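Trainee: Take a look at upload.pdb, PDB, C-alpha atoms:
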ATOM      1  CA  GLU U 919     -27.779-147.938 -45.331  1.00  0.00           C
ATOM      2  CA  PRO U 920     -30.335-149.305 -47.882  1.00  0.00           C
ATOM      3  CA  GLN U 921     -28.864-150.255 -51.302  1.00  0.00           C
ATOM      4  CA  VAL U 922     -31.948-148.584 -52.884  1.00  0.00           C
ATOM      5  CA  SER U 923     -31.866-144.753 -53.100  1.00  0.00           C
ATOM      6  CA  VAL U 924     -33.681-141.977 -55.025  1.00  0.00           C
ATOM      7  CA  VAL U 925     -31.810-139.191 -56.928  1.00  0.00           C
ATOM      8  CA  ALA U 926     -32.645-136.736 -54.051  1.00  0.00           C
ATOM      9  CA  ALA U 927     -32.233-133.424 -55.994  1.00  0.00           C
ATOM     10  CA  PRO U 928     -31.763-130.288 -53.767  1.00  0.00           C
ATOM     11  CA  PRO U 929     -34.620-127.731 -53.371  1.00  0.00           C
ATOM     12  CA  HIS U 930     -34.518-124.525 -55.449  1.00  0.00           C
ATOM     13  CA  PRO U 931     -32.595-122.413 -52.921  1.00  0.00           C
ATOM     14  CA  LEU U 932     -35.126-119.540 -52.568  1.00  0.00           C
ATOM     15  CA  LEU U 933     -38.236-121.746 -51.833  1.00  0.00           C
ATOM     16  CA  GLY U 934     -36.738-124.683 -49.877  1.00  0.00           C
ATOM     17  CA  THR U 935     -38.863-127.476 -48.359  1.00  0.00           C
ATOM     18  CA  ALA U 936     -42.536-127.876 -49.267  1.00  0.00           C
ATOM     19  CA  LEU U 937     -44.815-128.262 -46.217  1.00  0.00           C
ATOM     20  CA  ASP U 938     -47.377-131.140 -46.130  1.00  0.00           C
ATOM     21  CA  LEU U 939     -49.594-129.318 -43.611  1.00  0.00           C
ATOM     22  CA  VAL U 940     -52.750-131.493 -43.371  1.00  0.00           C
ATOM     23  CA  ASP U 941     -55.800-129.246 -43.967  1.00  0.00           C
ATOM     24  CA  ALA U 942     -54.034-126.810 -46.369  1.00  0.00           C
ATOM     25  CA  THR U 943     -56.150-125.375 -49.249  1.00  0.00           C
ATOM     26  CA  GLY U 944     -52.983-124.930 -51.400  1.00  0.00           C
ATOM     27  CA  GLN U 945     -49.278-125.793 -51.110  1.00  0.00           C
ATOM     28  CA  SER U 946     -46.667-123.669 -49.243  1.00  0.00           C
ATOM     29  CA  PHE U 947     -42.871-123.676 -48.836  1.00  0.00           C
ATOM     30  CA  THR U 948     -40.179-122.181 -46.562  1.00  0.00           C
ATOM     31  CA  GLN U 949     -36.417-121.571 -46.482  1.00  0.00           C
ATOM     32  CA  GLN U 950     -33.871-120.245 -43.976  1.00  0.00           C
ATOM     33  CA  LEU U 951     -30.694-118.656 -45.408  1.00  0.00           C
ATOM     34  CA  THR U 952     -27.646-118.425 -43.129  1.00  0.00           C
ATOM     35  CA  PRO U 953     -25.288-115.391 -43.142  1.00  0.00           C
ATOM     36  CA  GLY U 954     -22.873-117.629 -45.123  1.00  0.00           C
ATOM     37  CA  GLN U 955     -25.471-118.431 -47.834  1.00  0.00           C
ATOM     38  CA  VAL U 956     -27.006-114.927 -48.205  1.00  0.00           C
ATOM     39  CA  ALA U 957     -23.919-113.336 -49.812  1.00  0.00           C
ATOM     40  CA  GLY U 958     -23.767-116.313 -52.255  1.00  0.00           C
ATOM     41  CA  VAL U 959     -27.437-115.927 -53.364  1.00  0.00           C
ATOM     42  CA  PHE U 960     -27.762-112.090 -53.299  1.00  0.00           C
ATOM     43  CA  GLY U 961     -25.332-111.702 -56.244  1.00  0.00           C
ATOM     44  CA  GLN U 962     -26.123-107.980 -56.832  1.00  0.00           C
ATOM     45  CA  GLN U 963     -25.155-105.005 -54.675  1.00  0.00           C
ATOM     46  CA  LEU U 964     -26.765-101.563 -54.686  1.00  0.00           C
ATOM     47  CA  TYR U 965     -24.544 -98.917 -53.052  1.00  0.00           C
ATOM     48  CA  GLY U 966     -22.546-101.685 -51.321  1.00  0.00           C
TER
ATOM     49  CA  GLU G 919     -21.432-114.846 -29.797  1.00  0.00           C
ATOM     50  CA  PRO G 920     -24.119-112.248 -28.937  1.00  0.00           C
ATOM     51  CA  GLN G 921     -25.028-111.773 -25.245  1.00  0.00           C
ATOM     52  CA  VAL G 922     -26.192-115.165 -23.809  1.00  0.00           C
ATOM     53  CA  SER G 923     -29.702-113.831 -22.847  1.00  0.00           C
ATOM     54  CA  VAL G 924     -30.912-115.315 -26.220  1.00  0.00           C
ATOM     55  CA  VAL G 925     -31.439-118.877 -24.772  1.00  0.00           C
ATOM     56  CA  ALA G 926     -34.917-120.356 -24.063  1.00  0.00           C
ATOM     57  CA  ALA G 927     -36.609-123.648 -22.991  1.00  0.00           C
ATOM     58  CA  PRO G 928     -36.685-126.708 -25.374  1.00  0.00           C
ATOM     59  CA  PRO G 929     -39.870-127.675 -27.314  1.00  0.00           C
ATOM     60  CA  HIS G 930     -42.278-130.165 -25.681  1.00  0.00           C
ATOM     61  CA  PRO G 931     -40.916-133.385 -27.214  1.00  0.00           C
ATOM     62  CA  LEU G 932     -43.890-134.511 -29.373  1.00  0.00           C
ATOM     63  CA  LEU G 933     -45.556-131.065 -29.873  1.00  0.00           C
ATOM     64  CA  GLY G 934     -42.363-129.751 -31.506  1.00  0.00           C
ATOM     65  CA  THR G 935     -41.824-126.531 -33.475  1.00  0.00           C
ATOM     66  CA  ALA G 936     -44.578-123.931 -33.901  1.00  0.00           C
ATOM     67  CA  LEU G 937     -44.912-122.829 -37.569  1.00  0.00           C
ATOM     68  CA  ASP G 938     -45.643-119.286 -38.885  1.00  0.00           C
ATOM     69  CA  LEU G 939     -47.329-119.933 -42.234  1.00  0.00           C
ATOM     70  CA  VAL G 940     -48.343-116.314 -42.901  1.00  0.00           C
ATOM     71  CA  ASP G 941     -52.077-116.364 -43.750  1.00  0.00           C
ATOM     72  CA  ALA G 942     -52.908-119.264 -41.357  1.00  0.00           C
ATOM     73  CA  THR G 943     -56.170-118.807 -39.347  1.00  0.00           C
ATOM     74  CA  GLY G 944     -54.865-120.701 -36.257  1.00  0.00           C
ATOM     75  CA  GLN G 945     -51.412-121.967 -35.296  1.00  0.00           C
ATOM     76  CA  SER G 946     -49.960-125.401 -36.182  1.00  0.00           C
ATOM     77  CA  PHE G 947     -46.886-127.392 -35.145  1.00  0.00           C
ATOM     78  CA  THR G 948     -44.761-130.341 -36.335  1.00  0.00           C
ATOM     79  CA  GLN G 949     -42.172-132.792 -34.991  1.00  0.00           C
ATOM     80  CA  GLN G 950     -39.882-135.439 -36.498  1.00  0.00           C
ATOM     81  CA  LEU G 951     -38.904-138.303 -34.154  1.00  0.00           C
ATOM     82  CA  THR G 952     -35.784-140.231 -35.199  1.00  0.00           C
ATOM     83  CA  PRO G 953     -35.650-143.929 -34.175  1.00  0.00           C
ATOM     84  CA  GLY G 954     -33.564-143.468 -30.980  1.00  0.00           C
ATOM     85  CA  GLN G 955     -35.992-140.741 -29.796  1.00  0.00           C
ATOM     86  CA  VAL G 956     -39.061-142.936 -30.584  1.00  0.00           C
ATOM     87  CA  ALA G 957     -37.971-145.632 -28.111  1.00  0.00           C
ATOM     88  CA  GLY G 958     -37.468-142.833 -25.491  1.00  0.00           C
ATOM     89  CA  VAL G 959     -40.972-141.264 -25.856  1.00  0.00           C
ATOM     90  CA  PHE G 960     -43.031-144.448 -26.554  1.00  0.00           C
ATOM     91  CA  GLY G 961     -42.484-145.744 -22.980  1.00  0.00           C
ATOM     92  CA  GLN G 962     -45.204-148.475 -23.114  1.00  0.00           C
ATOM     93  CA  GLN G 963     -45.078-151.750 -25.064  1.00  0.00           C
ATOM     94  CA  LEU G 964     -48.140-153.813 -26.016  1.00  0.00           C
ATOM     95  CA  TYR G 965     -47.276-157.400 -27.053  1.00  0.00           C
ATOM     96  CA  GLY G 966     -43.634-156.297 -27.588  1.00  0.00           C
TER
END
Once you've parsed the file, please lay out its structure as structure tokens.
Mentor:
Amino acid sequence: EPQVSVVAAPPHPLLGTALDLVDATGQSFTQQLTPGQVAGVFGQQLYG
Amino acid sequence: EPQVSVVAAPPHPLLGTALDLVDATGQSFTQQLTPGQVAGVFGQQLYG
């Protein structure tokens, strides 16, 4: 591994990775949440 | 597991994954090739 490294902070968990799609007029981002993650992020319940 | 009927063919190796950016006017795709894959796909050498 290189001895040099950046701080590599994690993405804000609702927007995820930014796309660098070439001809884009404005930036866009995507995330997948697994069944394990969803119950950790969706911290409120309505009627269960 | 769900019923195994879910499975489908792999992506064409350098065309990769089709995106679904919502308001896109025509489809786009991306691939990452890691170094061991690069030597597998780039089957010609010029001057080494």
Trainee: Could you list the residues chosen by the ChimeraX specification (/U :<10) & /G in this structure as an NGL selection string?
Mentor: :G and (938-940 or 942 or 946-948)
Trainee: Could you write out chain G as an mmCIF file with C-alpha atoms, keeping the file's coordinate frame once it has been least-squares superposed on chain U using every ordered C-alpha pair?
Mentor:
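Below is the file that was written, out-v8.cif:
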data_model
loop_
_atom_site.group_PDB
_atom_site.id
_atom_site.type_symbol
_atom_site.label_atom_id
_atom_site.label_comp_id
_atom_site.auth_asym_id
_atom_site.auth_seq_id
_atom_site.Cartn_x
_atom_site.Cartn_y
_atom_site.Cartn_z
ATOM 1 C CA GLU G 919 -27.877 -148.122 -45.748
ATOM 2 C CA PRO G 920 -30.967 -149.001 -47.843
ATOM 3 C CA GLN G 921 -30.526 -149.301 -51.637
ATOM 4 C CA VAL G 922 -29.118 -145.967 -52.989
ATOM 5 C CA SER G 923 -32.145 -145.356 -55.332
ATOM 6 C CA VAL G 924 -33.568 -143.126 -52.496
ATOM 7 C CA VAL G 925 -31.579 -139.983 -53.603
ATOM 8 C CA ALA G 926 -33.214 -136.983 -55.368
ATOM 9 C CA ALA G 927 -32.400 -133.421 -56.591
ATOM 10 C CA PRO G 928 -31.763 -130.551 -54.060
ATOM 11 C CA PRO G 929 -34.433 -127.870 -53.337
ATOM 12 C CA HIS G 930 -34.375 -124.668 -55.437
ATOM 13 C CA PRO G 931 -32.232 -122.501 -53.138
ATOM 14 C CA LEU G 932 -34.740 -119.774 -52.116
ATOM 15 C CA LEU G 933 -37.997 -121.767 -52.681
ATOM 16 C CA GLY G 934 -36.841 -124.385 -50.151
ATOM 17 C CA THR G 935 -38.839 -127.192 -48.519
ATOM 18 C CA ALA G 936 -42.464 -127.908 -49.454
ATOM 19 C CA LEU G 937 -44.670 -128.294 -46.329
ATOM 20 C CA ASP G 938 -47.565 -130.777 -45.808
ATOM 21 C CA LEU G 939 -49.780 -129.008 -43.269
ATOM 22 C CA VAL G 940 -52.689 -131.472 -43.460
ATOM 23 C CA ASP G 941 -55.848 -129.390 -44.053
ATOM 24 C CA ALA G 942 -54.081 -126.743 -46.222
ATOM 25 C CA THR G 943 -56.068 -125.627 -49.335
ATOM 26 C CA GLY G 944 -52.923 -125.020 -51.474
ATOM 27 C CA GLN G 945 -49.254 -125.852 -50.932
ATOM 28 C CA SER G 946 -46.688 -123.617 -49.170
ATOM 29 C CA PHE G 947 -42.904 -123.646 -48.752
ATOM 30 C CA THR G 948 -40.188 -122.142 -46.519
ATOM 31 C CA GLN G 949 -36.422 -121.559 -46.508
ATOM 32 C CA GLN G 950 -33.855 -120.365 -43.958
ATOM 33 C CA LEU G 951 -30.736 -118.690 -45.415
ATOM 34 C CA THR G 952 -27.732 -118.586 -43.069
ATOM 35 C CA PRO G 953 -25.323 -115.631 -43.524
ATOM 36 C CA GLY G 954 -22.763 -117.435 -45.750
ATOM 37 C CA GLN G 955 -25.599 -118.592 -48.064
ATOM 38 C CA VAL G 956 -27.110 -115.049 -48.213
ATOM 39 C CA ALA G 957 -23.944 -113.589 -49.768
ATOM 40 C CA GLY G 958 -24.029 -116.485 -52.328
ATOM 41 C CA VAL G 959 -27.671 -115.943 -53.475
ATOM 42 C CA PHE G 960 -27.859 -112.100 -53.216
ATOM 43 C CA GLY G 961 -25.425 -111.652 -56.153
ATOM 44 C CA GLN G 962 -26.144 -107.904 -56.712
ATOM 45 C CA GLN G 963 -25.078 -105.002 -54.480
ATOM 46 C CA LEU G 964 -26.713 -101.557 -54.491
ATOM 47 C CA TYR G 965 -24.576 -98.869 -52.790
ATOM 48 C CA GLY G 966 -22.554 -101.654 -51.080
#
Trainee: Find the axis-aligned box for region 932-947 of chain G, covering all its listed atoms and adding 8 Å on each side, and write its centre and edge lengths in Å to one decimal as JSON.
Mentor:
{"center_x": -49.0, "center_y": -125.4, "center_z": -36.6, "size_x": 30.3, "size_y": 34.2, "size_z": 30.4}
Trainee: Tell me which residues the PyMOL selection byres ((chain G and resi 950-964) around 10) grabs here, as an MDAnalysis selection string.
Mentor: chainID G and resid 931:935 948:949 965:966
Trainee: Have a look at CA of residue 945 (chain U) and CA of residue 929 (chain U) and let me know their distance in Å, one decimal.
Mentor: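 Distance between the two atoms: 15.0 Å.
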Trainee: Using CA of residue 944 (chain G) and CA of residue 928 (chain G) as the two end points, give the distance in Å to one decimal.
Mentor: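 Computed distance, CA of residue 944 (chain G) to CA of residue 928 (chain G), equals 22.0 Å.
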Trainee: Quick one, how far is CA of residue 924 (chain G) from CA of residue 936 (chain G)?
Mentor: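 Distance reported for this atom pair: 17.9 Å.
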